[PDB]
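Single chain ahead, by itself, as structure tokens, in the form deposited in one PDB entry.
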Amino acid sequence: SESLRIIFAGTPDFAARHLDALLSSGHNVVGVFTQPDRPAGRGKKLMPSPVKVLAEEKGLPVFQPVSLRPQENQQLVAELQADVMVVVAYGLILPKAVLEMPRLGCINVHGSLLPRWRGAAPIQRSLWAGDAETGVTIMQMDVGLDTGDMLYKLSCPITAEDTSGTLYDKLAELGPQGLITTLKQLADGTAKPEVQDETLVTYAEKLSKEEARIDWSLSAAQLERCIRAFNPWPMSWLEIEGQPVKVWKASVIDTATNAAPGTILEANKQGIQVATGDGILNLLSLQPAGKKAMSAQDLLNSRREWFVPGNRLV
């Protein structure tokens, strides 16, 4: 019985779950790697990171290499003589020298059912593209991008009310659980790797505010998904008087229209119906810059002029 010496590499809260998990699970995390502290969030104050914060607390060795391309840095890994490196939501890329350093190499917890949604935003993209389900996949990291053999998976269906925040939460339960279970297999040698079927390969491009800016050209349905896939970030928004209004909730009304997309059709307690490339999107919850999310009703009771029927939104 020797706990696998583990190097953990992660940044966001999603990683923190996995780390906190390994610890409470009784593993030996020799070192932790995150992104270097930076300005973040009104005031641009130097903020730690979700992962680091947890580490500091647990009194774990932190390593914040700006990159792992540099020899000096790649050494920080090998100097730890680890059995395996668990990677989860880590910005930095891992050079071949590093992937080979751990006795068992590096394994990554990917938020998608590979080979599908290889990339940076598999969670949001899955929900965005309409997928019926999603989940994690613990993989042996190879070279490139999420190309390594897959060891373990766990799936969960995507409801129709799930945002990306809720999907993250759901996978924050499966993830660790899958990670642990796989690490034991790795330790016992009972790991049974699979190879990726290149035909079923789709990539999950990162998110951006531009893509978030509501595009009425798109079907009401694609937007309905955006409005949920882009939550909590960046949040589907539309511009009103050179102002960003974030759209939190929007149902889809199924009754076609020939009006030019962006055209407001109705505006009542039931929501603000707007024409789209196909179908009519029905804004139910909007957030006026500097305010909170509110109901179409609450919003119309003071900005009725923002959504008058006949007018058009861009």
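In this text, the rigid core denotes the largest set of C-alpha atoms whose superposition between the two forms falls within 1.5 Å. Throughout, we count residues from 1 along the sequence that is shown.
As for the form deposited in another entry, it is not shown, yet the points below apply to it.
Of the residues 191, 154, 240, 92, just one CA atom moves 2 angstroms or more between the shown form and the other one under rigid-core superposition; it belongs to 240. Relative to the superposed core, residue 31 undergoes a Cα shift smaller than 2 Å between the shown form and the other one. With a cut-off of 2 Å and the rigid core superposed, residue 64 has a Cα displacement that falls short of the cut-off between the shown form and the other one.
In a rigid-core overlay of the protein, residue 180 has its C-alpha displaced by under 2 Å between the shown form and the other one.
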